[PDB]
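**Student:** Coordinates for the following, if possible.
(4 chains, ligands or ions: 1)
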Amino acid sequence: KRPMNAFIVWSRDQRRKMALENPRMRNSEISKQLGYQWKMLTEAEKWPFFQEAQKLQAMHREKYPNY
Amino acid sequence: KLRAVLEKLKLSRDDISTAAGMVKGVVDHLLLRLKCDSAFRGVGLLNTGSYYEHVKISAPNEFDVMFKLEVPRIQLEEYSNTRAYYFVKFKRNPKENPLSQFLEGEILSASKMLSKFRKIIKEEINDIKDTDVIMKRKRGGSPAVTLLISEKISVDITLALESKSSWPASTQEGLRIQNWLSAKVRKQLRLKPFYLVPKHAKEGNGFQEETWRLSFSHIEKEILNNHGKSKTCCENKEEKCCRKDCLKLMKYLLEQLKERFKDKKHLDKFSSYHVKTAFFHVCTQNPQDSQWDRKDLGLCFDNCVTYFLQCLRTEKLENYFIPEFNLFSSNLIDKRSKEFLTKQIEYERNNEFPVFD
DNA sequence: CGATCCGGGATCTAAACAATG
DNA sequence: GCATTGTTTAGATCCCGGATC
Ligand SMILES: [Zn+2]
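**Tutor:** Numbering: from 1, shown residues only, chains lettered A, B, ... in the order given. What follows is the structure:
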């Protein structure tokens, strides 16, 4: 499995904590709202997620020579 | 597997572009200043070698440029029973053939004409000052004028005689490519002229040097650039053949080995022609595109090694165009160098050719 | 000539790929 | 399996030297 880019690392938690409070059964609408939210965060609000994705590929790129 | 080794052999696009630029600039001016009623007036350019055949490796620093002469009505007398070296005689007296000043008696001076040829070149390379040019000394035997441009880019120029007459008796059973390519292609290919280049090195007493060597370098270029049993092999991504890739790595194998033994030792004195001729017989016995699938890169390579190994193991590799002529004849190479060569490859083959990296 | 078109190194565009009910 | 954003590559386009008439 290709490592999780900063969007997926951020999208796994928010979709859950939204679908609990929101009553939308479809994930198509919920994902549209997540992309709406990720496109509105500040670069400082997104930097730690980039650091996390770098640490993800840190032990997936030099431990698995496949891409 | 070894597919990554090719990336360390691809010529830089800017390297070939700048190198061929200065090479063309010297060649055209040299060719332009040539052909001034020295019977050279009809010299033509013939592009041969590992570059124009798209098998050049490492860096593009060497070129194989051939100058041809359309000398007509030539009668050839076979030298001894060599089946490859020939006297250039003239069929009839009346026409006053252009190279008549180079006629000794009834044989053509392969030495006087070649020295005159180098004379015209050495005169005019000095005059041009656009590019630094140094003429390498004629190497003992070498029939070629080796020019050295500034910072490598060596150019090997071989004066050749074009003969639009039919091929010889020696080539009658050669070019056995009927199941491969076509029997129709062979006829189409045989009608094309054959060329005459001065003999490359000493053999025998060292005199009677008026012998000439047959050259089918243009033939090797055509079948390499149209190499598939089906006409569209390599036209599309589907069914891309590995043919060129096999003798490419083969040339890198031997090229790599010659450098390795830089002790002025053995395994020397045989060029890529043995690799190219061996790969030629490989494609003969493998006349199907299915056998040369791209996925089986290591397999078709291994089959090409196998035939080279067997050519070594049998100690006989005949010229493709001339069957009797043996490039692995006992006179040409001692059996120990084949023992030398087979020792390496077999080690390198099982141990994955460690000299590549 | 030069007009054209092919082969191959160079470079681009596109779709597939990751987590998720 | 839907719809998002980012990364990665391969399937494709571009570009140029050679070549034949
Ligand atoms: Zn092919």
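
**Student:** what residues does the stretch 51-200 of chain B put near the ion?
**Tutor:** Within the stretch 51-200 of chain B, no position is near the ion by C-beta under 5 Å from the ion. C-beta: built from backbone N, CA, C; applies to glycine.

**Student:** Give me the phi and psi for the spatially most central residue of chain A.
**Tutor:** With distances taken as C-alpha atoms, centre = their mean, the residue of chain A nearest its centroid is residue A:8 (2.1 Å). The phi/psi pair for residue A:8 (degrees, to the nearest 10) reads phi -70, psi -40.

**Student:** One more: the one 3 residues further on?
**Tutor:** Listed backbone geometry of residue A:11 is phi -80, psi -20, with angles given as degrees, to the nearest 10.

**Student:** I figured it hits residue A:36, correct?
**Tutor:** No - if you go by C-beta atoms under 8 Å, residue A:11 and residue A:36 don't touch, sitting 11.9 Å apart.

**Student:** And the residue nearest to the centre of chain A, how close does it get to residue A:49?
**Tutor:** Distance, residue A:8 to residue A:49, by C-beta to C-beta, to the nearest Å: 9 Å.

**Student:** and if you look at residue B:303?
**Tutor:** Look at residue B:303 and residue A:49: by C-beta to C-beta, they are 53 Å apart.

**Student:** and if you look at residue B:130?
**Tutor:** 60 Å.

**Student:** Kindly report the same for residue A:67.
**Tutor:** 21 Å.

**Student:** cool, residue B:80 as well?
**Tutor:** 83 Å.

**Student:** burial measure for residue B:249, as a count.
**Tutor:** Residue B:249 has 22 neighbours, counted by other C-beta atoms under 10 Å in any protein chain shown.

**Student:** Checking my notes, it in a helix, right?
**Tutor:** Yes - counting by DSSP: H, G, I helix; E, B strand; the rest coil, residue B:249 falls inside a helix.

**Student:** who touches it in this structure?
**Tutor:** B:2, B:5-6, B:301 (C-beta atoms under 8 Å, 6 or more residues apart in numbering or on different chains).

**Student:** Residue B:292 too?
**Tutor:** Contacts of residue B:292 by C-beta under 8 Å, 6+ apart are B:233, B:241-243, B:283, B:286, B:300.

**Student:** let's see it at 6 Å
**Tutor:** Taking C-beta atoms under 6 Å, 6 or more residues apart in numbering or on different chains as the criterion, residue B:292 is in contact with B:241-243, B:300.

**Student:** who in the stretch 201-350 of chain B is up against the ion?
**Tutor:** So the stretch 201-350 of chain B meets the ion at B:233-234, B:241 (C-beta under 5 Å from the ion).

**Student:** Please identify, among these, the one with the most neighbours.
**Tutor:** Counting by other C-beta under 10 Å, top hit in those: residue B:241 with 20 neighbours.

**Student:** just checking, that residue touches residue B:232?
**Tutor:** No - using C-beta atoms under 6 Å, residue B:241 is not in contact with residue B:232; the gap is 10.6 Å.

**Student:** so what does the lengthiest helix in chain A touch, helix or strand wise?
**Tutor:** Longest among the helix segments of chain A by residue count, using DSSP state H, is helix A:43-58. Applying 3 or more C-beta pairs under 6 Å, 6 or more residues apart in numbering or on different chains; DSSP states H and E, one finds that helix A:43-58 makes contact with helix A:6-19.

**Student:** tell me what the very next helix or strand once past the helix it packs on is packed against?
**Tutor:** Next helix or strand after helix A:6-19 toward the C-terminus (DSSP states H and E): helix A:27-38. Contact analysis of helix A:27-38 by 3+ C-beta pairs under 6 Å, 6+ apart lists helix A:6-19 as its packing neighbours.

**Student:** please redo it, this time with the cut-off set to 10 Å
**Tutor:** Counting contacts by 3 or more C-beta pairs under 10 Å, 6 or more residues apart in numbering or on different chains; DSSP states H and E, helix A:27-38 packs against helix A:6-19, helix A:43-58.

**Student:** what's the burial count for the residue in the stretch 101-250 of chain B that DNA strand D sits nearest to?
**Tutor:** Using C-beta to the nearest atom of the strand, the closest approach of the stretch 101-250 of chain B to DNA strand D is made by residue B:237 at 6.1 Å. Residue B:237 is flanked by 7 other residues according to other C-beta under 10 Å.

**Student:** Same check on residue B:8?
**Tutor:** Considering only other C-beta under 10 Å, residue B:8 is surrounded by 11 other residues.

**Student:** check contacts around the residue of chain A found nearest the ion.
**Tutor:** For chain A and the ion, the shortest gap (C-beta to the ion) falls at residue A:67, measuring 28.8 Å. When contacts are counted by C-beta atoms under 10 Å, 6 or more residues apart in numbering or on different chains, residue A:67 touches A:2, A:57, A:60-61.

**Student:** Ok, residue A:48 next?
**Tutor:** Counting by C-beta under 10 Å, 6+ apart, residue A:48 touches A:6, A:9-10.
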